[PDB]
A.B. asks: 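Pasting in a structure now, in C-alpha cells, and then I'll have a few things to ask.
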Amino acid sequence: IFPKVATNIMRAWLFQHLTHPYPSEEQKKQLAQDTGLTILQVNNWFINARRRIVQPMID
Amino acid sequence: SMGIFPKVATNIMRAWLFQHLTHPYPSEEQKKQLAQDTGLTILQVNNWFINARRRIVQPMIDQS
DNA sequence: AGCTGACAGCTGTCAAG
DNA sequence: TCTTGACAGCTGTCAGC
C-alpha cells in the first residue's frame with residue numbers, strides 16, 4: 001500500500017526543500033503520481049517527515 | 001465549495017451534543033447515523049464536532 | 001460584524017513489521 | 001523491535017455569510 005520506491009523520491013524532494021518543506025498542491029500531485037501514493041499518504045508523510053527529520057536537524 | 005450545510009442539520013447535531021456532554025465523541029456508528037439524519041458528510045460531521053468541542057463544550061466547562 | 005463551517009498542518013498515539 | 005505509516009482529534013486560521 002506504501003510502495004518502498006516512494007521513500008527515496010519523497011526524501012529527495014524533502015532534502016531539496018529543507019528551508020520550506022511544504023509542497024504546493026501541484027507538487028503533492030506530482031509526488032503522489034510519481035510515487036504511486038495517494039494524496040493522503042503524501043500529506044501524512046510530510047507531516048511525519050517535518051517532525052521526524054526536519055525539526056530534529058535544527059535541534 | 002460545492003458543499004452544502006442542510007438547514008435541518010444544526011439542531012440535529014446540537015441535540016446529540018447536548019445529550020452527550022460528558023463524552024461528546026460520537027462513535028463511528030453514531031457518526032454515520034448523524035450523517036444520514038442530517039444530510040452531512042462524515043467529514044462535515046467530524047469537523048462539526050471538532051468545532052463544537054472547543055466552541056461549546058469547553059467554554060461551558062470553563063465557567064463551571 | 002461577528003459566527004461558524006471549513007481545511008492545511010500539528011499532536012498524540014499505536015499496530016505491525 | 002524499534003521504527004514509521006497511519007489516523008482520530010486538535011490547533012491555527014480564513015472567508016462568506
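Chain A is the first sequence line, chain B the second, and so forth, proteins listed ahead of strands; every chain is numbered from 1. Atom set for the values below is all heavy atoms of this structure, side chains included, hydrogens, waters and symmetry mates excluded.
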A.B. asks: A:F2 has an atom CZ; how far is it from atom P of D:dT3, in whole Å?
C.D. replies: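 These atoms are roughly 17 Å apart.
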A.B. asks: Under the side-chain hydrogen bond (donor to acceptor under 3.5 Å, both in side chains) definition, can you give me all pairs with a residue in residues 26-41 of chain A, not counting sequence neighbours?
C.D. replies: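 The answer is A:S24-A:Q27, A:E25-A:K28, A:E26-A:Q30, A:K28-A:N43, A:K29-A:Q33, A:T38-A:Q41.
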A.B. asks: Nearest whole Å is fine: how far is C:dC3 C1' from B:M13 CE?
C.D. replies: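 B:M13 atom CE is separated from C:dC3 atom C1' by 17 Å.
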A.B. asks: Of the non-hydrogen atoms in A:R11 and A:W45, which two are nearest, and what is the gap between them?
C.D. replies: N-CH2, 3.7 Å
A.B. asks: I need the CD1-P distance between A:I47 and C:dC7, as an integer number of Å.
C.D. replies: 15 Å
A.B. asks: Based on the rotation axes of five pairs at each end, what angle does the helix from C:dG2-D:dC17 to C:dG17-D:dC2 bend through, to 10°?
C.D. replies: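 Taking the rotation axis at each end, their angle is 0°.
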A.B. asks: Could you tell me the separation between the CD1 atom of B:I42 and the P atom of D:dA8, rounded to a whole number of Å?
C.D. replies: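 After rounding, the gap between these two atoms is 11 Å.
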A.B. asks: Look at the side-chain N and O atoms of B:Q44 and state whether any lies under 4.0 Å from the OP1 or OP2 oxygen of C:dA6.
C.D. replies: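 It does, given that an N or O in the side chain of B:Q44 lies less than 4.0 Å from OP1 or OP2 of C:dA6.
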A.B. asks: Looking at A:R50, I'd like to know whether one of its side-chain N or O atoms comes within less than 4.0 Å of OP1 or OP2 on C:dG9.
C.D. replies: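 Result: no.
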A.B. asks: Working to the nearest 0.5 Å, report the span between CE of A:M57 and CD1 of A:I53.
C.D. replies: 8.5 Å
A.B. asks: Can you name the nearest heavy-atom pair linking A:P3 to A:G36, along with the distance?
C.D. replies: CG-O, 4.0 Å
A.B. asks: Verify side chain to side chain contact (heavy atoms under 4.5 Å, CB included) between A:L18 and A:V54, making sure each step is shown before the conclusion.
C.D. replies: CA-CA 7 Å; A:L18 287 173; A:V54 184; 4.2 Å; yes
A.B. asks: Rounding to a whole Å, what distance do you find between B:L40:CG and C:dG5:P?
C.D. replies: 9 Å
A.B. asks: Could you tell me how far apart B:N47 (CG) and C:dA8 (P) are, to the nearest whole angstrom?
C.D. replies: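 After rounding, the reported distance stands at 10 Å.
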A.B. asks: Is the shortest side-chain N/O distance from B:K31 to OP1 or OP2 of D:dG9 below 4.0 Å?
C.D. replies: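 Answer yes for this pair, as a side-chain N or O of B:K31 is under 4.0 Å from OP1 or OP2.
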A.B. asks: Provide, to the nearest angstrom, the distance between the CD atom belonging to B:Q58 and the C1' atom belonging to D:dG9.
C.D. replies: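 So the CD-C1' distance, B:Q58 to D:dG9, works out to 14 Å.
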A.B. asks: By the 4.0 Å heavy-atom rule, please label A:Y22 as base, sugar-phosphate, or nothing.
C.D. replies: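 Contact class for A:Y22: sugar-phosphate only.
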A.B. asks: A:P21 and A:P23: which non-hydrogen atoms are nearest, and at how many Å?
C.D. replies: O-CD, 3.7 Å
A.B. asks: I need the minimum non-hydrogen distance between A:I39 and A:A32, along with the two atoms involved.
C.D. replies: CD1-CB, 4.0 Å
A.B. asks: Tell me which nucleotide among D:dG9, D:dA6, C:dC7 gets nearest to the side chain of A:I1.
C.D. replies: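 Looking only at heavy atoms from C-beta outward on A:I1, the closest nucleotide is D:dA6.
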A.B. asks: Strictly under 4.0 angstrom, non-hydrogen atoms only: write out the protein contact profile of nucleotides 12-17 of chain C, one letter per nucleotide from the 5' end, B, S or -.
C.D. replies: BB----
A.B. asks: Could you check whether the rings of B:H20 and B:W16 sit parallel, tilted or perpendicular, using 30° and 60° as the cut-offs?
C.D. replies: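 The arrangement is parallel - the two ring planes meet at less than 30°.
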A.B. asks: Would B:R53 pass as a cation-pi partner of B:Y25, given that its NZ or CZ must be under 6.0 Å from the six-membered ring centre and within 45 degrees of the axis?
C.D. replies: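 Yes, cation above the ring, under 6.0 Å and within 45°.
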A.B. asks: Grab the NZ-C1' distance between B:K7 and D:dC17 for me, whole Å please.
C.D. replies: 15 Å
